């Protein structure tokens, strides 16, 4: 569920994701088009590609089972599909953390009309 994802991002970055990530670049939030603007945006691009490989559950709205151990996310439960969604979310949160060093406030609300017309393929 996207609000579980939010909690992962917030813990790993210390930022409010509704403000800092939900409108970032060409791929964060929305659906997305064009070329990722930077490494943070590429996290969202990959996250979008990850969700695309998922079939049989709703990655935005289905709750999955997760927990924390020493600051690491543990994806659990007895439902393989939902666990796959959890792993996508975990990977993106880790990516945001690992790329926080290049986060740019000028991309926080990047106008989607400025994204390139040719999208990068997964």
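Residue numbers count along the first chain shown, from 1.
- The question of which stretch, 39-47 or 78-86, has the higher mean Cα B factor is settled in favour of 78-86.
- With 24-32 and 93-101 compared on mean CA B-factor from the PDB entry, the stretch scoring higher is 24-32.
- Looking at the C-alpha B-factors along this chain, the one for residue 115 belongs to the middle third.
- Sorting the modelled residues of the chain by their CA temperature factor places residue 7 in the lowest third.
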